[PDB]
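First the structure, in the form of structure tokens, and then the observations on it.
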2 protein chains.
Amino acid sequence: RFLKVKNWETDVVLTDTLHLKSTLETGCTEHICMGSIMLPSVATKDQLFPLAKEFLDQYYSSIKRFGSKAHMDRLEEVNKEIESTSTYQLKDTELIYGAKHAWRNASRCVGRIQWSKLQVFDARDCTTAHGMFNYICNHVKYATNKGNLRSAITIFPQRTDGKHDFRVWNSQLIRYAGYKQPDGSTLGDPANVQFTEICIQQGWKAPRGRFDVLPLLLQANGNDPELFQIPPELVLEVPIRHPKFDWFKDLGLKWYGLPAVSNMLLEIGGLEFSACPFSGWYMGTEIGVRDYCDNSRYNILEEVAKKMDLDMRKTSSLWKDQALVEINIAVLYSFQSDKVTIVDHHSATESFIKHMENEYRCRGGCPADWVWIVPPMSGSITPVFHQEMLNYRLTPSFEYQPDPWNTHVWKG
Amino acid sequence: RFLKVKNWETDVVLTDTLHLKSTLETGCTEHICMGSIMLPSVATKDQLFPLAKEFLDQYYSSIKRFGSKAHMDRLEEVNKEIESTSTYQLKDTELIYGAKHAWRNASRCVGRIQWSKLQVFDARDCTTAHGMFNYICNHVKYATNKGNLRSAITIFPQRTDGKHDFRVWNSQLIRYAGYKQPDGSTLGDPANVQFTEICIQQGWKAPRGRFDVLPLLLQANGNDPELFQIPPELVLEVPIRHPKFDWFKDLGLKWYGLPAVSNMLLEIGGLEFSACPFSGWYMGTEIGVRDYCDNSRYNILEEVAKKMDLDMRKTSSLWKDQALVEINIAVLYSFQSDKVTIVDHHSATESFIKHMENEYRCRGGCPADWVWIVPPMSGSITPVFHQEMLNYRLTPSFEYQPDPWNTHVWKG
Ligand code: HEM
Ligand code: HEM
Ligand SMILES: Cc1cc(N)nc2cc(-c3ccc(CN)cc3O)c(F)cc12
Ligand SMILES: Cc1cc(N)nc2cc(-c3ccc(CN)cc3O)c(F)cc12
Ligand SMILES: C[C@H](O)[C@H](O)[C@H]1CNc2nc(N)[nH]c(=O)c2N1
Ligand SMILES: C[C@H](O)[C@H](O)[C@H]1CNc2nc(N)[nH]c(=O)c2N1
Ligand SMILES: [Zn+2]
């Protein structure tokens, strides 16, 4: 009822009572743990008021006005609108709070120390794909800030019936294209091969190369989605060089500066915002470890080992590890030498322990997913490897949602 | 009821029904996941027969003689002895099966592909600490095999009342001593500083240096424990050199060849073997990452960075990662160049995926702890990082148990 999490590198103990406020299910049971499952798993007017009530109760209990006059009137105000319209609308202030807390509660996010410095763009007045394009361009511009990156989210109209959903079909506003070849192999980013072919299917003219920035596929009010090309002046790219190995430029790699996920659902007081792209800045390992070295991604460990004069015969020469560190030194150096915001996994994971300490004190806990918080390289030399973490689902929250092309009743 | 685990680097799917046989609790609930908690948490004659029955039912269902003549008579035989003595004794064959399956079910073990090749030493006729010493010496000798290491376990008499417990007080048969200094800092292994001082308290004469092999503290039949020094000819050590950096010998490091954990409890058909040291061989990262580079262990990343000509000012130079790979190339090379069995974390984690495939087919599942299976360096370039894993508690099993000095009613 008052659970303890320990750090085993520092012997520091924190006490979690925030998990008592938790509401949703985790997938684990008393007899099975599913903490390594990647994705474990239309609303009515009945379930909607407890969700509004619960949300409004914590919003007013956060501006030091819990149960007060304005809280009880807002409670009644929302109840009235949920009777009237079987839904309701959030105040601008409630939308900013909810969004910030969906990030605050993202247990898989190592970057949450910044959760309160989040710029919320209210795009709930949007109606067309072009409007979405415009809103997304201002999001990208703003969040990029000429390389001094700034956290932001853009919130398109909430789901209503379910057939009039706003969706960004891209998993991220800025992704490189992936193209399969005659010999089967993949140019560009293999992760996006399916989406890259959907864009061609909708009329995209592919410059079938490596780091081709994909177009946006924006669906408005449940209408069929439409392609828009982000002006390349808004797409900030960092070419990757090493601070020792001058052959590293010959590798000819680069990555975009702005990680901006667009395929997730924002949940606030029972309301579902099916299109809510949010962006921060990269932790280096996302690019250099996962993007560049996953077998099913850019898979460059082959070449980087070669040009380093590496023992590639034996598995036990650790040529894979050795090339992996060099790649991440290079990504970090390249981003910093261009004044493009980036964080290394030591600084990011120390920041998170520090953030974890703040939440357990002023909030009673911090939902955290160890499987996702520990970086994908050098796990145990970072402080989070040794940090016991309680995972649990608080709301407001970001939730996974299916790709739109599996669910969208087409017509055109 | 028939849960699916996915690999996301290979898209391979397996179906787990073995978890249905699971019995014990995990610590997780429907509303909280505790998969990153390190340690989540006298018997009677009532609970003992379901446990015997369940065990015997799976033992005879494994020699293709389930429910047959000899099974029903053994069932009755054990029932009779549990009425008579309120406990029972395992057959030699049942002890070997149970031990092998406690390993097979160790969800935190990446080395389980070898689970059936386990040499079981029956030491249930032991009565004195000297006998335990003798048994442990033969275990170490046998398992070391002049560097061609072999898996083994030695099983001392099962718990009876609880005040007559056999215990090895060492957490591992072979550990280096840790000594605190006048200036507070630690010579040797900081993990063992408390145990090293207990040995001095019991009369150990410390050669207060670095890699001093600790003595054995053996408790027999609940009597106060007694010190014995393993003959150094039985303690096989590998001095660590690099296959490039000749200053690596100047580091003057070495590690023992034989990982042999002795502080855990083996549970077989409700019987509790409080002293059951088991040994395999090292996966390289246990030594080079955790033993050598944990902050609260040997903590050598300082020196290894130095002698490499490394940028140690900035955190983001990844000097910690770069020195970490070199250390693990060296440990692997040093062990292999001495024909001492060792496995690198790429070969070990590939073997485990292969093992995972075997268990899901011929057994319906493989309980696995992702938090512990993924190696502590280069997580995502190993196949297990991308492997969803179901964790659940099967029996027979190895369980954690408190250190004896917190629980043992002394007298001498
Ligand atoms: C400020 C800089 C940020 C950093 C350094 C950061 C870092 C990370 C990393 C490394 C992950 C793991 C994802 C992966 O491995 O692919 C992650 C996940 C996540 N982040 Fe953060 N992030 C940042 C900003 C944000 C913002 C601004 C939001 C929302 C407003 C956010 C919400 C999330 C969510 C919801 C997830 C997990 C979603 C899932 O289940 O996959 N993050 N973050
Ligand atoms: C054959 C070579 C073996 C290898 C390469 C291996 C590898 C490993 C590794 C890397 C761990 C993680 C422990 C840590 O990180 O400190 C582990 C845990 C474990 N191993 Fe294996 N092991 C081997 C043999 C065995 C044997 C022979 C047994 C038992 C008969 C065994 C039972 C266990 C158990 C019970 C744990 C986890 C205990 C806990 O909860 O901490 N292993 N193994
Ligand atoms: C906001 C933010 C910043 C950052 N620096 N990185 C992120 C990474 C993700 C992510 C990507 C892909 C997948 C699935 N492979 C899961 C994720 O959580 C995300 F949603 C948001 C991120
Ligand atoms: C049998 C075997 C082989 C190996 N190569 N390594 C092991 C490591 C451990 C271990 C050590 C310490 C701790 C706690 N820090 C937990 C463990 O599981 C173990 F029990 C058995 C091992
Ligand atoms: C199977 C496993 O759950 C899956 O590979 C997860 C593991 N942890 C991760 N952690 C992060 N940060 N990002 C990921 O994509 C993953 N993938
Ligand atoms: C807090 C966390 O549970 C703890 O550090 C665990 C993480 N995973 C581990 N994995 C292995 N193999 N060995 C360990 O000691 C640990 N420690
Ligand atoms: Zn769990």
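Each chain gets a letter, A, B and so on, in the order its sequence line appears, and its residues count up from 1. Just so you know, these numbers use all the heavy atoms, side chains as well, and skip hydrogens, waters and symmetry mates.
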### Task
With side chain to side chain contact (heavy atoms under 4.5 Å, CB included) as the test, would you mind laying out the steps for A/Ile153 and A/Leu266 before giving the verdict?
CA-CA 10 Å; A/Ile153 181 175; A/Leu266 168 57; 4.0 Å; yes
### Query
Does atom CD of A/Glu9 have more than 12 heavy-atom neighbours, drawn from other residues, nucleotides or ligands, at distances under 6.0 Å?
yes
## Note on the structure
Closest heavy-atom pair, B/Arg210 versus B/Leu187, reported as atoms and distance to 0.1 Å, is CD-CD1, 3.6 Å
### Task
Ignoring hydrogens and angles, tell me if any N or O in the side chain of A/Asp369 forms a donor-acceptor pair with the backbone of A/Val371 under 3.5 Å.
yes
### Task
Mind telling me whether A/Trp370 and B/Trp370 have parallel, tilted or perpendicular rings, with 30° and 60° as the class edges?
perpendicular
### Query
So, A/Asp321 versus B/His345: side-chain donor-acceptor pair below 3.5 Å or not?
yes
### Query
Is there a side-chain contact between A/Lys339 and A/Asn148, using heavy atoms and a 4.5 Å cut-off?
no
#### Entry: Any donor-acceptor N/O pair, B/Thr285 side chain to B/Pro375 backbone, under 3.5 Å
no
#### Entry: Point-to-point distance, once rounded to the nearest 0.5 Å, from CD of B/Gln387 to CE of A/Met38
10.5 Å
### Query
Can you tell me if B/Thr349 uses its side chain to pair, donor with acceptor, with the backbone of B/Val384 under 3.5 Å?
no
### Task
Would you indicate whether the side-chain heavy atoms of B/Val289 and A/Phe385 approach each other to under 4.5 Å?
no
### Query
Rounded to the nearest 0.5 Å, how far apart are SG of B/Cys33 and CE of A/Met389?
12.0 Å
### Query
Crowded around B/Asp183 CG? As in, over 12 foreign heavy atoms under 6.0 Å?
yes
### Query
Hey, what do you get for CG (A/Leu301) to NZ (A/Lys306), rounding to the nearest 0.5 Å?
14.0 Å
### Message
Strictly distance-based, threshold 3.5 Å: is any side-chain N or O of A/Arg150 a donor or acceptor partner for the main-chain N or O of A/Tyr142?
### Response
yes
### Summary
Checking B/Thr186, B/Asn192, B/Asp291 against B/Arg297 for side-chain hydrogen bond (donor to acceptor under 3.5 Å, both in side chains), the one that qualifies is B/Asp291
## Note on the structure
d(A/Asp246 CG, A/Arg241 CZ) to nearest 0.5 Å is 11.5 Å
### Query
Do you know the tightest heavy-atom contact between A/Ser171 and A/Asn263?
CB-ND2, 3.2 Å
### Query
Are any side-chain N or O atoms of B/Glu286 and backbone N or O atoms of B/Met283, one a donor and one an acceptor, separated by less than 3.5 Å?
yes
### Task
Taking all heavy atoms of A/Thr26 and all of B/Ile32, pick out the closest pair and write down the distance.
CG2-N, 3.7 Å
### Message
Looking at A/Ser380, is its backbone amide N or carbonyl O close enough to the side chain of A/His386 to form a donor-acceptor pair, meaning the two atoms are under 3.5 Å apart?
### Response
yes
#### Entry: NZ/A/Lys6: more than 12 non-hydrogen atoms of other groups inside 6.0 Å
yes
#### Entry: ring pair (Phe, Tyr, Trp, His ring centres under 6.0 Å) between B/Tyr292 and B/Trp255, worked out
CA-CA 10 Å; B/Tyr292 282 153; B/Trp255 202 255; 5.7 Å; yes
### Query
Do you see a donor-acceptor pair shorter than 3.5 Å between the side chains of A/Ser397 and A/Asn105?
no
#### Entry: Side chain A/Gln119, main chain A/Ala152, donor-acceptor under 3.5 Å
no
### Message
Would you compute the distance between atom CG of A/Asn299 and atom SG of A/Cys293 and round it to the nearest 0.5 angstrom?
### Response
8.0 Å
#### Entry: ring pair (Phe, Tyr, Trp, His ring centres under 6.0 Å) assessment of B/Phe211 paired with B/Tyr256
CA-CA 9 Å; B/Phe211 306 110; B/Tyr256 43 91; 9.4 Å; no
### Query
Between A/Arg175 and A/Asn170, does a side chain to side chain contact (heavy atoms under 4.5 Å, CB included) hold up when you go through it step by step?
CA-CA 8 Å; A/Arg175 309 229 62 182; A/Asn170 310 61; 5.6 Å; no
#### Entry: Greater than 12 external heavy atoms within 6.0 Å of B/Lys249's NZ
yes
### Task
Please report the C-alpha distance between B/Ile287 and B/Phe335 in whole Å, then the side-chain angles of each, then the deciding distance to 0.1 Å, and finally whether the side chain to side chain contact (heavy atoms under 4.5 Å, CB included) criterion is met.
CA-CA 11 Å; B/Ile287 307 165; B/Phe335 269 66; 3.6 Å; yes
### Whether B/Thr196 side chain and B/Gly178 backbone form a donor-acceptor pair below 3.5 Å
yes
### Query
Does any non-hydrogen side-chain atom of A/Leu14 lie less than 4.5 Å from one of A/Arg361?
no
### Query
Are A/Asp311 and A/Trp319 close enough that some pair of their side-chain heavy atoms sits under 4.5 Å apart?
no
### Query
For A/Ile37, does its backbone N or O pair with a side-chain atom of B/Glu388 as donor and acceptor, under 3.5 Å?
no
#### Entry: Partner of B/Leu310 by side chain to side chain contact (heavy atoms under 4.5 Å, CB included), out of B/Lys320, B/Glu326, B/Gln322
B/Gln322
### Task
Quick one: closest heavy-atom pair of A/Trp103 and A/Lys117, and the distance?
CZ3-O, 3.9 Å
### Chi angles and distances behind the side chain to side chain contact (heavy atoms under 4.5 Å, CB included) call for A/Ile240, A/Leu251
CA-CA 9 Å; A/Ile240 314 298; A/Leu251 292 174; over 6 Å; no
### Query
Does A/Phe248 reach the side chain of A/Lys307, with side-chain heavy atoms less than 4.5 Å apart?
no
### Message
Within the structure provided, determine whether A/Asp338 and A/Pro239 are in side-chain contact (heavy-atom separation under 4.5 Å).
### Response
yes
### Query
With under 30° as parallel and over 60° as perpendicular, where do the rings of A/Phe245 and A/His242 fit, or are they tilted in between?
perpendicular
### Task
Please tell me if the side chains of B/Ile342 and B/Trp281 come closer than 4.5 Å, counting only heavy atoms from C-beta onward.
no
### Query
Do you know the tightest heavy-atom contact between A/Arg112 and A/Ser107?
NH2-O, 3.5 Å
## Note on the structure
All heavy atoms of A/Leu18 vs all of A/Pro367, minimum pair found to be CD2-CD, 4.1 Å
### Query
Do A/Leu258 and A/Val140 have side-chain heavy atoms sitting under 4.5 Å apart?
yes
### Query
Is the shortest distance from a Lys or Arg side-chain nitrogen in A/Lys4 or A/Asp16 to a carboxylate oxygen in the other one below 4.0 Å?
no
#### Entry: A/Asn328 backbone acceptor or donor facing A/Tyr333 side chain under 3.5 Å
no
### Query
Distance from A/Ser151 atom OG to A/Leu118 atom CG, nearest 0.5 Å?
6.0 Å
